[PDB]
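Participant: Dropping the structure in here first, questions after.
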Amino acid sequence: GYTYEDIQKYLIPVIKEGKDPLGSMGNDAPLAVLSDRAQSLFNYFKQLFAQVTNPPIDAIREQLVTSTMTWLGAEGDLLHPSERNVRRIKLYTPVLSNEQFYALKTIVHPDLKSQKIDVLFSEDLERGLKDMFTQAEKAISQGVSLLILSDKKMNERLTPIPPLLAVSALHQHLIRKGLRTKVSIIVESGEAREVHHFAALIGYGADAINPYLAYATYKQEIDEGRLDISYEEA
Amino acid sequence: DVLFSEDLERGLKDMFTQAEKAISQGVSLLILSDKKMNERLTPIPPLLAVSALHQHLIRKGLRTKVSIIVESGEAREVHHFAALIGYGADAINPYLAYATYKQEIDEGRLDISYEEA
Amino acid sequence: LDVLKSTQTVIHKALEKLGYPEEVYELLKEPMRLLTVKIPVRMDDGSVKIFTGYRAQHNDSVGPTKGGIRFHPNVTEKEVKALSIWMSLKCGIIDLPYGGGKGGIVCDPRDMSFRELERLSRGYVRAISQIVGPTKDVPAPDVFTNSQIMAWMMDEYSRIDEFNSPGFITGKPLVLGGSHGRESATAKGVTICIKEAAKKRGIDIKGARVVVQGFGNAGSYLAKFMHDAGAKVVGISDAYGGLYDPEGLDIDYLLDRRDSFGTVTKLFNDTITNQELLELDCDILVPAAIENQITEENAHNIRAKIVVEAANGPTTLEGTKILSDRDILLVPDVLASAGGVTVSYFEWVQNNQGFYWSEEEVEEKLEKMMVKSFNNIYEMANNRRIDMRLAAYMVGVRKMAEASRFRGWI
Amino acid sequence: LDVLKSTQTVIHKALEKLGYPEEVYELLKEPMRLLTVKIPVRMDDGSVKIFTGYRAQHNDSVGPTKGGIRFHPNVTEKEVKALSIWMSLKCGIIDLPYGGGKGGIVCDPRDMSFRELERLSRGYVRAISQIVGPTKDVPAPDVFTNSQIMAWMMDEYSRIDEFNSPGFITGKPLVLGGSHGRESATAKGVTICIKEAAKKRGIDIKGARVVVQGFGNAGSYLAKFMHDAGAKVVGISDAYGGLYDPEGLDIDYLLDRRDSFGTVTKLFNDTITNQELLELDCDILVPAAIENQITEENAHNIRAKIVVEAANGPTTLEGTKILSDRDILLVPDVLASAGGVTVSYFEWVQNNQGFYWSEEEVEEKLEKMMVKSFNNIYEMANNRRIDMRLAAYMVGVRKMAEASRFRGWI
Amino acid sequence: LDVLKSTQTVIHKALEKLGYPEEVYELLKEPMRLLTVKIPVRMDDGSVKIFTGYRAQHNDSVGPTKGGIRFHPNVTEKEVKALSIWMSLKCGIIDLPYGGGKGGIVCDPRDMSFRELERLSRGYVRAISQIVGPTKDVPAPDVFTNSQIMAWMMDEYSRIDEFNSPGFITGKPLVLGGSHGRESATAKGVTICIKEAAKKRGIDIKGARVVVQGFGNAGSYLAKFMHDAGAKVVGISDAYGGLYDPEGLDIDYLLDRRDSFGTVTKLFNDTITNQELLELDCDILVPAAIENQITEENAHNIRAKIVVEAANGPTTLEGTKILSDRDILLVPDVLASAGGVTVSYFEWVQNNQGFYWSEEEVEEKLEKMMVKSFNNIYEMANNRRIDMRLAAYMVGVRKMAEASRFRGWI
Amino acid sequence: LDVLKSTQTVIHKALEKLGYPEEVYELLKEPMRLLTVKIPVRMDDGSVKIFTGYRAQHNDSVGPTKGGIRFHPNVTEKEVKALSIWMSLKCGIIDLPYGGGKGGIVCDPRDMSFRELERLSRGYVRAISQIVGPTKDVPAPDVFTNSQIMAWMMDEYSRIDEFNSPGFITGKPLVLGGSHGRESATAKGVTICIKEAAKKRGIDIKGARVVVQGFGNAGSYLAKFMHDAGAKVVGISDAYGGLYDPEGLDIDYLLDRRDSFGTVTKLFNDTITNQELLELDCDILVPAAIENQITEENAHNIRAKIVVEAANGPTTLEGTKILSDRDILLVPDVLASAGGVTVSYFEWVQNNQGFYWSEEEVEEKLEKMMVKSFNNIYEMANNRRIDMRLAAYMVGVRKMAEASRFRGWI
């Protein structure tokens with residue numbers, strides 16, 4: 001669902017200004033549910049905020065209060081904890097780069113295993129979700145601690161589940177079966193380029209995001225000539 | 001394993017997935033077994049399961065590469081047998097009936113030997 | 001494509017400077033035993049795909065061979081031979097009883113799974129078990145390879161030889177019989193080399209300004225060692241930028257906040273790109289980051305008195321020439337990044353002896369070896385009016401050529 | 001539970017009849033090398049279950065050991081030792097250079113899968129590779145084991161020893177270097193034995209009435225060989241009943257219609273149970289079916305002049321005594337069912353020589369060995385007033401005891 | 001009868017406390033290679049009697065196996081396996097590259113003669129030479145075994161392997177290539193352990209009251225070492241009684257008058273039984289005498305702050321619980337009596353290296369190993385609220401289980 | 001340049017006709033072990049020149065590998081691999097336990113001297129001694145190689161292995177343990193093949209017209225064998241021309257006057273060129289001369305009913321197609337020229353057995369093997385509507401692929 005408008009008005013400005021691009025004349029387009037044009041599942045979800053009983057805290061000026069540390073792995077015995085609660089990977093930002101994602105996938109430490117689950121379906125969404133649950137529970141029984149939901153290897157016969165829906169279903173199933181604490185759900189979905197999509201994924205369960213599609217788009221633009229800044233810096 | 005938990009469609013699709021994976025690997029004989037069945041996993045009607053497998057195999061053009069053997073407890077009448085053969089089953093193994101005969105012979109009734117029975 | 005030709009050319013230059021005949025060049029241009037094998041493997045789905053293997057022993061006149069193993073999907077015979085020659089040069093420079101070698105497999109660890117990697121490694125050993133043994137070859141960790149793969153390889157060689165051989169393969173886990181300090185070997189080597197270079201050039205280490213771009217394990221350990229020694233760090237950089245403070249940067253706090261990746265930059269604060277970081281005032285500069293950074297444009301902007309190439313060929317010929325003209329000491333990467341090889345050798349010696357040393361003993365032995373090697377190469381490079389890269393190559397080739405001449409193959 | 005004690009008792013009886021001291025009994029009562037191992041295995045689901053292995057070498061004074069392998073879920077140490085002693089007795093009777101042995105694994109081939117069986121066999125060989133080799137041990141096919149498992153075992157031993165060893169393991173596929181006639185060995189052995197017994201007892205083979213209950217491969221091949229020789233078959237039985245015709249049964253037609261299982265009974269026709277089949281008039285009776293069939297009740301009803309126990313102990317002591325009193329020749333099963341061992345030995349010799357014989361040569365050599373062995377045992381059993389079972393046990397133990405005495409272990 | 005079950009139960013407890021799955025327990029409950037052999041032997045009268053042998057390798061994932069050999073007439077398979085597991089626990093606790101094992105022979109050294117013992121040992125080695133070697137097994141001295149038997153075993157293995165292998169077997173005579181201090185290893189180990197325990201508990205070693213019941217070589221050397229260090233001995237006992245003096249006992253004079261057996265009690269003087277000796281006031285108590293001495297009745301009477309079980313399980317579970325409730329430090333015997341294993345390991349290392357150390361070097365290395373091990377176990381036992389016996393078992397099993405997990409057998 | 005691609009294409013065609021998956025093609029396209037070595041050598045003048053060696057083992061699933069050695073100055077890796085695959089096809093066709101292989105050295109026997117060749121061969125063996133042995137490899141004579149080089153190689157392998165291994169290398173001198181008839185093997189093979197082809201096509205051998213162009217040892221022995229059998233020879237040719245006589249040519253006189261080179265043409269008499277010789281009337285034509293002789297122009301002129309390509313690919317695809325359309329039996333060279341391989345195999349078997357056969361026994365065994373192979377290939381080629389070349393390739397690849405499938409590499 002990329003667009004040239006989306007690229008030239010949301011991706012290049014981020015690099016140029018070091019921040020999310022601004023605007024005015026707030027959205028007046030019809031909701032996704034009413035819009036005739038096909039829309040991704042993300043548009044159906046609207047963010048929330050605090051009005052009364054609590055203030056909206058600031059970030060830039062109150063940076064000392066923020067905390068972006070993320071832990072990947074499996075938690076240990078909370079009531080009697082010793083060193084295995086902390087024998088885990090810890091990140092500074094939820095987002096990941098290609099090199100970082102490949103390092104996580106290639107880590108072969110026996111305690112921190114990695115599994116790749118193809119989040120794809122053919123005709124039946126219920127069948128796809130149940131199959132994904134089966135892979136998840138089989139991997140947990142084997143002893144994995146990291147799950148990789150990848151939309152790659154997708155062709156004309158296999159289509160991708162909405163990543164938000166897939167992540168929410170996996171998280172709810174894991175919570176219900178009492179195994180979420182033993183795993184870490186990393187998500188690799190192409191449809192992740194807005195802070196809205198990112199925040200939705202983290203809020204609904206995703207441990208980290210690897211916008212490989214956005215990185216490839218930046219590679220293509222740099223190869224073409226636009227966005228002269230280097231690939232790693234970008 | 002011809003078994004299901006809640007969704008018959010999911011069970012049949014999973015069975016098709018095992019079948020096609022095995023064909024891709026190169027098998028030639030499939031064993032539909034109702035054994036290893038507990039309070040959480042219940043058996044699909046063997047006639048329905050065999051018919052679904054046969055129709056899927058015929059549609060995908062792989063029936064000639066396999067042989068569907070069926071091992072279902074609910075097979076003791078000539079009617080059930082004939083239904084299974086007519087709808088696809090290559091052979092039947094009435095293990096439940098054989099076990100019942102073993103139990104009866106152990107008890108004392110049906111004095112004839114087990115192999116002869 | 002040009003790696004093999006470049007290696008041959010530098011070897012020819014070193015041999016010409018030594019003055020040996022062309023027979024040694026003819027023998028050493030090409031590895032003496034290259035094996036190509038095909039490894040059957042079973043995937044999770046049940047299908048079988050065949051991976052192409054490789055193995056090269058550049059020379060074994062000195063004694064048993066050694067080399068790493070990379071699961072890089074673009075590994076080829078030319079690269080394998082070039083890496084074998086490069087490892088032989090490393091061994092010659094460090095004065096080890098190794099000859100040199102390298103192995104590899106054409107695969108993709110990314111799409112490969114855990115059990116599938118296990119089976120792949122096991123099939124690789126079953127394939128090349130004939131020409132590999134304690135007195136013939138010694139695998140070691142490398143790109144896309146680590147302790148688990150080392151342990152699987154050790155377990156299988158134990159199975160095939162019917163007796164335990166912990167010294168068969170290096171880089172094993174600590175419980176399996178590994179050596180302590182396996183992760184800080186490169187940092188310790190660069191620390192010794194920077195200390196000795198500062199001593200020789202007269203720059204006092206106390207209060208010396210240091211810049212460390214690239215903050216992985218090597219950068220973190222190097223910064224910690226510099227802070228412990230006394231030298232102040234006035235710059236750090238990582239994948240997310242860098243910092244700058246002429247009067248220290250609280251390396252203790254930086255290491256305390258160090259994450260898994262080593263990223264240290266703040267969130268809502270501007271950062272300094274490596275291009276401008278290189279230009280910052282400092283006594284010693286330590287590029288341990290992406291290659292091809294020091295070039296003509298920044299050669300005139302560099303200001304450090306000592307440059308240590310902890311990475312693999314971060315500079316170019318033009319930059320090397322400009323630095324030599326400016327009279328800036330340039331540490332060859334071959335000597336800068338030999339800590340891994342040295343610690344692997346110590347691990348092999350410990351396994352062969354059957355007794356395990358301690359951290360202090362490993363520290364002392366490693367620093368002794370590094371200081372001796374650096375002093376020897378510095379003396380030779382000052383005796384002969386040449387560049388330190390040429391001196392390193394010449395010293396490395398000297399031992400191999402002379403041992404071959406003794407053994408009489410030529 | 002009583003198998004080991006029964007084997008020890010019969011060995012003691014044979015040794016007492018020979019007259020050797022008790023030292024030979026003390027040495028031969030127990031196998032000299034029993035190994036218990038645990039084989040890790042990976043299932044399809046990824047879970048790991050540990051299978052318990054076994055291996056026993058009853059004796060190796062004569063030379064290399066031999067034994068089968070059964071994947072029977074109730075295999076235990078007592079059964080393994082008893083089978084090792086039994087195989088040693090077979091080898092001694094046939095006068096082979098084998099000592100005897102047996103292996104086994106505690107598993108269930110029924111629930112086990114194809115790749116899982118492959119991994120199980122491979123782990124078994126990796127486990128017991130130390131005490132197994134061309135001059136130390138020689139596996140062979142047995143219950144729940146066949147050519148594919150033999151081929152996997154051969155492939156792995158080739159991998160571990162780094163050189164091809166086709167003679168390492170017998171019962172391999174034809175393409176891998178197997179021997180022809182591997183399936184009709186038992187039938188050929190029983191055919192030779194029945195021919196020689198008829199010759200010695202004066203019963204003319206031409207027109208001799210024969211009954212073959214149990215129509216597997218052994219029964220089918222035996223019937224075909226009898227028909228080719230000239231003797232008429234007047235009875236066949238299988239899992240679905242039997243038939244009866246005093247003037248032949250068209251063995252050619254029966255074999256032509258033979259199915260995969262060997263079932264031959266009609267559908268809408270009454271059949272004869274084996275109990276009444278045994279009572280039918282005939283010169284030679286060949287029970288090759290379920291064990292414990294000839295007992296006291298049918299001992300007085302049996303009418304055949306020659307009884308051949310192609311199966312494993314189909315009769316009992318009471319039936320043997322009654323038949324001996326009635327003066328009915330009773331062929332021991334140890335000699336009746338040695339065709340498999342003989343053909344395995346021929347296969348091993350062919351592999352060791354590197355040249356493969358033909359069907360005619362195998363036929364001639366097998367018949368020569370069988371006739372010589374049968375004549376020797378018959379002569380000894382007539383020289384000493386004993387039962388043929390006792391003569392077989394005595395002859396089998398003679399070679400082992402005498403070789404041990406030469407080698408000086410006692 | 002209950003030794004194997006008790007060993008399995010304690011192993012299960014340790015594994016449960018660690019939290020590893022049940023696969024490690026399944027693998028480690030049983031030794032992986034148990035061999036039973038029969039050894040022919042010729043007596044002086046010329047008659048031949050057959051001795052039953054044994055050998056068990058509990059595990060070899062870490063590396064070469066090790067174990068003693070006892071000529072005890074009641075040795076059985078259960079005892080052999082239990083001792084193999086116990087030796088493996090010792091090796092794991094001391095952090096050696098050994099896996100563990102044990103051998104034995106069913107004989108009676110009492111009625112056996114000199115040349116007959118020579119022939120017995122030689123036949124034992126000829127029997128088990130196949131699965132024994134420098135990288136597979138390493139015998140060592142044990143009950144009814146000593147330097148002469150070690151030397152005979154070494155001589156024969158040299159004969160069979162055709163090359164000298166002094167490192168093949170430990171505990172050899174000094175001239176043959178033994179290690180100094182082979183007799184005081186246990187005393188040195190207990191001396192280090194008592195020193196460290198006193199340091200950790202705050203009891204000053206200078207002037208510490210000590211009681212040493214059992215005055216064999218271990219007791220004599222321990223008393224001499226305590227006297228040299230500075231601690232005063234206020235009690236000694238032997239097979240003929242004991243003594244008591246709150247202000248020293250002239251250990252120099254006692255050792256000077258020490259006889260072959262270590263008996264020291266006077267003739268016409270009353271002595272103190274060990275039961276009342278245990279109750280005497282003292283800081284540290286060292287039971288190195290008959291087992292099953294500390295029980296419920298004397299648990300309330302014991303007064304020492306530190307109790308060291310130099311013997312094998314001198315206490316019981318009830319006594320251990322009572323002492324733990326009273327807060328009396330209890331040194332496990334596994335760590336107390338590991339000096340013999342440590343000195344044997346040093347001897348093996350010396351033989352493998354080909355260079356022999358000195359008494360001072362052996363002293364320093366042994367004390368370093370002992371202090372490191374004791375500190376590690378003490379730290380773990382204080383980190384986890386458990387008994388020191390449980391901590392010892394847990395630490396010992398940790399290395400074996402983790403090495404198995406690396407090698408991938410599970 | 002195209003040899004490797006042509007071999008791969010024909011292998012792919014054969015595999016496609018068989019119907020096996022593409023995994024077998026992927027495994028068999030490339031040899032599994034290619035080794036490149038450098039051999040130091042000392043010349044007469046004292047200078048040292050380095051020769052490049054080669055060795056390739058196409059496959060060893062069946063068993064030990066085999067291959068020749070050519071001292072051809074243009075030997076390259078592509079040619080070595082192609083020849084290895086070709087030798088594997090030969091072995092598969094003849095149904096031998098060999099897998100296939102080939103070696104070579106880059107040198108010039110012309111300018112090379114006697115002692116220098118001795119040293120060259122000895123250095124070659126010292127170089128490749130590791131991967132070569134009785135159960136791993138078996139050299140054999142080939143281009144620029146003969147009995148003296150075989151003997152030197154045997155002597156050196158005896159030296160390096162410390163024990164005599166006459167079966168290590170074939171083609172040895174008679175005194176060293178060679179096999180009789182080593183020179184007439186090709187002639188005997190072609191004689192059997194021509195006899196069987198005539199029998200199958202109905203052409204009576206008695207009085208059959210034969211033409212033999214190329215009168216080396218093969219041609220001379222073939223003519224002598226034909227004369228002994230009864231068939232008349234109506235044409236011979238050599239490097240100096242040929243002859244023609246419809247009613248015989250006195251083969252006895254021709255062989256009596258045969259010189260060292262086999263030249264037979266008169267001096268002052270006109271001769272017939274091979275181009276017109278091919279057109280002469282005859283039942284069987286035997287081109288054993290320069291390659292690329294049968295082409296489109298002479299395809300319409302050929303008249304023989306049976307054409308045997310004793311040489312290596314004397315014809316082309318167009319000629320093969322034209323002959324097939326004309327319904328002229330075409331014997332593949334792979335089967336025509338396998339006598340050398342067969343006699344080498346017999347020599348190896350004789351050495352391994354330690355007993356030497358006689359000329360009559362070798363004759364009988366060779367003819368039996370040849371007739372069986374020819375009958376099998378003829379039956380398969382008539383069962384499947386294909387050319388005999390395709391049938392030969394298919395049969396050869398069948399055994400290798402099936403053995404690989406059994407051994408489980410795929």
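Going through the structure tokens in order, the chains are called A, B, and so on, while each chain numbers its residues from 1 and the ligands are numbered from 1 in the order shown.
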Give me, as an NGL selection string, the residues of stretch 2-172 of chain A that a backbone DSSP run labels strand (DSSP E or B).
Facilitator: :A and (70-72 or 89-91 or 95 or 114-118 or 120-121 or 146-150 or 159-160)
Participant: As a PyMOL selection string, please: the residues near stretch 346-360 of chain F (cut-off 7 Å, only C-alpha atoms, same-chain neighbours under 2 positions excluded).
Facilitator: (chain D and resi 353-354) or (chain F and resi 166-167+170+178-181+342-344+362-364)
Participant: Would you give me, as a PyMOL selection string, the residues in stretch 71-201 of chain C that DSSP reads as alpha helix (DSSP H)?
Facilitator: chain C and resi 77-94+114-128+147-161+185-201
Participant: What's the separation between atom CA of residue B:102 and atom CA of residue B:115, in Å to one decimal place?
Facilitator: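 A separation of 9.8 Å between them.
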Participant: Kindly assemble as JSON lines a list of the chain A residues that lie within 12 Å of chain E, each paired with its nearest atom pair and their distance in Å to one decimal, using only C-alpha atoms, sorted first by chain and then by ascending residue number.
Facilitator:
```
{"residue": "A:76", "atom": "CA", "partner": "E:19", "partner_atom": "CA", "distance": 11.2}
{"residue": "A:77", "atom": "CA", "partner": "E:19", "partner_atom": "CA", "distance": 11.0}
{"residue": "A:80", "atom": "CA", "partner": "E:384", "partner_atom": "CA", "distance": 10.2}
{"residue": "A:81", "atom": "CA", "partner": "E:384", "partner_atom": "CA", "distance": 11.0}
{"residue": "A:82", "atom": "CA", "partner": "E:383", "partner_atom": "CA", "distance": 9.1}
{"residue": "A:83", "atom": "CA", "partner": "E:383", "partner_atom": "CA", "distance": 11.3}
{"residue": "A:84", "atom": "CA", "partner": "E:19", "partner_atom": "CA", "distance": 11.2}
{"residue": "A:108", "atom": "CA", "partner": "E:406", "partner_atom": "CA", "distance": 11.8}
{"residue": "A:109", "atom": "CA", "partner": "E:406", "partner_atom": "CA", "distance": 10.1}
{"residue": "A:110", "atom": "CA", "partner": "E:406", "partner_atom": "CA", "distance": 8.5}
{"residue": "A:111", "atom": "CA", "partner": "E:405", "partner_atom": "CA", "distance": 10.9}
{"residue": "A:141", "atom": "CA", "partner": "E:21", "partner_atom": "CA", "distance": 12.0}
{"residue": "A:142", "atom": "CA", "partner": "E:21", "partner_atom": "CA", "distance": 11.6}
{"residue": "A:143", "atom": "CA", "partner": "E:21", "partner_atom": "CA", "distance": 10.8}
```
Participant: If you keep N, CA, C and O atoms, can you produce a file of those selected residues as a PDB file, in the first residue's frame?
Facilitator:
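What landed in out24.pdb:
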```
ATOM      1  N   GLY A  76      12.277 -15.420  34.199  1.00  0.00           N
ATOM      2  CA  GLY A  76      12.477 -16.516  35.116  1.00  0.00           C
ATOM      3  C   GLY A  76      11.476 -16.518  36.256  1.00  0.00           C
ATOM      4  O   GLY A  76      10.399 -15.924  36.187  1.00  0.00           O
ATOM      5  N   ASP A  77      11.858 -17.210  37.328  1.00  0.00           N
ATOM      6  CA  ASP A  77      11.020 -17.295  38.518  1.00  0.00           C
ATOM      7  C   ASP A  77      10.982 -15.948  39.230  1.00  0.00           C
ATOM      8  O   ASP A  77      11.971 -15.533  39.842  1.00  0.00           O
ATOM      9  N   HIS A  80      11.389 -16.162  43.255  1.00  0.00           N
ATOM     10  CA  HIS A  80      12.746 -16.502  43.682  1.00  0.00           C
ATOM     11  C   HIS A  80      13.691 -16.277  42.508  1.00  0.00           C
ATOM     12  O   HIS A  80      14.170 -17.230  41.883  1.00  0.00           O
ATOM     13  N   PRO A  81      13.977 -15.019  42.180  1.00  0.00           N
ATOM     14  CA  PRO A  81      14.764 -14.716  40.984  1.00  0.00           C
ATOM     15  C   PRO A  81      16.262 -14.688  41.245  1.00  0.00           C
ATOM     16  O   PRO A  81      16.744 -14.119  42.226  1.00  0.00           O
ATOM     17  N   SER A  82      17.007 -15.323  40.337  1.00  0.00           N
ATOM     18  CA  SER A  82      18.463 -15.307  40.429  1.00  0.00           C
ATOM     19  C   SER A  82      19.139 -15.542  39.081  1.00  0.00           C
ATOM     20  O   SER A  82      19.292 -16.685  38.639  1.00  0.00           O
ATOM     21  N   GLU A  83      19.529 -14.451  38.424  1.00  0.00           N
ATOM     22  CA  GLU A  83      20.447 -14.431  37.285  1.00  0.00           C
ATOM     23  C   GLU A  83      19.848 -14.948  35.978  1.00  0.00           C
ATOM     24  O   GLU A  83      20.298 -14.552  34.895  1.00  0.00           O
ATOM     25  N   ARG A  84      18.742 -15.688  36.045  1.00  0.00           N
ATOM     26  CA  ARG A  84      18.118 -16.162  34.815  1.00  0.00           C
ATOM     27  C   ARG A  84      16.974 -15.256  34.397  1.00  0.00           C
ATOM     28  O   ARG A  84      16.489 -15.360  33.266  1.00  0.00           O
ATOM     29  N   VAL A 108      22.593 -18.431  18.021  1.00  0.00           N
ATOM     30  CA  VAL A 108      22.350 -19.863  18.126  1.00  0.00           C
ATOM     31  C   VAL A 108      22.553 -20.351  19.564  1.00  0.00           C
ATOM     32  O   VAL A 108      22.706 -21.549  19.797  1.00  0.00           O
ATOM     33  N   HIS A 109      22.552 -19.442  20.529  1.00  0.00           N
ATOM     34  CA  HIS A 109      22.748 -19.833  21.915  1.00  0.00           C
ATOM     35  C   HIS A 109      21.622 -20.774  22.336  1.00  0.00           C
ATOM     36  O   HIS A 109      20.451 -20.501  22.036  1.00  0.00           O
ATOM     37  N   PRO A 110      21.924 -21.888  23.014  1.00  0.00           N
ATOM     38  CA  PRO A 110      20.855 -22.864  23.292  1.00  0.00           C
ATOM     39  C   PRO A 110      19.717 -22.293  24.118  1.00  0.00           C
ATOM     40  O   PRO A 110      18.556 -22.652  23.891  1.00  0.00           O
ATOM     41  N   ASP A 111      20.014 -21.410  25.074  1.00  0.00           N
ATOM     42  CA  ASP A 111      18.949 -20.831  25.887  1.00  0.00           C
ATOM     43  C   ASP A 111      18.107 -19.845  25.087  1.00  0.00           C
ATOM     44  O   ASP A 111      16.887 -19.780  25.272  1.00  0.00           O
ATOM     45  N   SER A 141       7.110 -25.805  23.020  1.00  0.00           N
ATOM     46  CA  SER A 141       7.374 -27.126  23.578  1.00  0.00           C
ATOM     47  C   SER A 141       8.810 -27.548  23.305  1.00  0.00           C
ATOM     48  O   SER A 141       9.470 -28.136  24.170  1.00  0.00           O
ATOM     49  N   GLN A 142       9.313 -27.253  22.104  1.00  0.00           N
ATOM     50  CA  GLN A 142      10.709 -27.551  21.804  1.00  0.00           C
ATOM     51  C   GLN A 142      11.649 -26.752  22.699  1.00  0.00           C
ATOM     52  O   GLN A 142      12.695 -27.265  23.112  1.00  0.00           O
ATOM     53  N   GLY A 143      11.297 -25.505  23.008  1.00  0.00           N
ATOM     54  CA  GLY A 143      12.072 -24.675  23.907  1.00  0.00           C
ATOM     55  C   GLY A 143      12.552 -23.351  23.347  1.00  0.00           C
ATOM     56  O   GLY A 143      13.512 -22.788  23.887  1.00  0.00           O
TER      57      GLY A 143
END
```
Participant: Return the neighbours of chain B among the residues of chain A, cut-off 10 Å, counting only C-alpha atoms, as a VMD selection string.
Facilitator: chain A and resid 124 126 to 128 130 to 131
Participant: Could the residues in this selection be saved with C-alpha atoms as a PDB file, in the first residue's frame?
Facilitator:
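After the write, result.pdb holds the following:
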```pdb
ATOM      1  CA  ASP A 124      -9.245 -19.409   5.534  1.00  0.00           C
ATOM      2  CA  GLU A 126      -9.192 -19.053  10.908  1.00  0.00           C
ATOM      3  CA  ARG A 127      -7.116 -21.909   9.486  1.00  0.00           C
ATOM      4  CA  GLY A 128      -4.123 -19.608   9.075  1.00  0.00           C
ATOM      5  CA  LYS A 130      -4.804 -21.853  14.044  1.00  0.00           C
ATOM      6  CA  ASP A 131      -1.809 -23.109  12.053  1.00  0.00           C
TER       7      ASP A 131
END
```
Participant: Tell me which protein, DNA and RNA residues are within 7 Å of residue C:40, counting only C-alpha atoms, leaving out same-chain ones fewer than 5 positions away, and put them as a PyMOL selection string.
Facilitator: (chain C and resi 48-51+123) or (chain F and resi 409-410)
Participant: Just write the chosen residues, N, CA, C and O atoms, as a short mmCIF file (atom, residue, chain, number, x, y, z; two decimals), in the first residue's frame.
Facilitator:
```cif
data_model
loop_
_atom_site.label_atom_id
_atom_site.label_comp_id
_atom_site.auth_asym_id
_atom_site.auth_seq_id
_atom_site.Cartn_x
_atom_site.Cartn_y
_atom_site.Cartn_z
N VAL C 48 15.71 -32.58 0.53
CA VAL C 48 17.16 -32.65 0.66
C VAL C 48 17.77 -31.64 -0.30
O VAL C 48 17.50 -31.67 -1.50
N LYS C 49 18.60 -30.74 0.24
CA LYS C 49 19.38 -29.81 -0.54
C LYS C 49 20.86 -30.02 -0.25
O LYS C 49 21.24 -30.34 0.88
N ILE C 50 21.69 -29.85 -1.28
CA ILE C 50 23.11 -30.15 -1.21
C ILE C 50 23.87 -28.84 -1.09
O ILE C 50 23.74 -27.96 -1.95
N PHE C 51 24.67 -28.71 -0.04
CA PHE C 51 25.51 -27.55 0.17
C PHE C 51 26.94 -27.84 -0.28
O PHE C 51 27.47 -28.92 -0.03
N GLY C 123 27.25 -32.86 8.95
CA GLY C 123 27.58 -33.39 7.64
C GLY C 123 28.89 -32.85 7.11
O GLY C 123 29.64 -33.58 6.45
N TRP F 409 23.23 -40.65 0.90
CA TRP F 409 23.78 -39.31 0.71
C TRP F 409 22.74 -38.35 0.16
O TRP F 409 22.92 -37.13 0.28
N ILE F 410 21.67 -38.86 -0.44
CA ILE F 410 20.64 -38.03 -1.04
C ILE F 410 19.31 -38.26 -0.33
O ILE F 410 19.24 -38.19 0.90
#
```
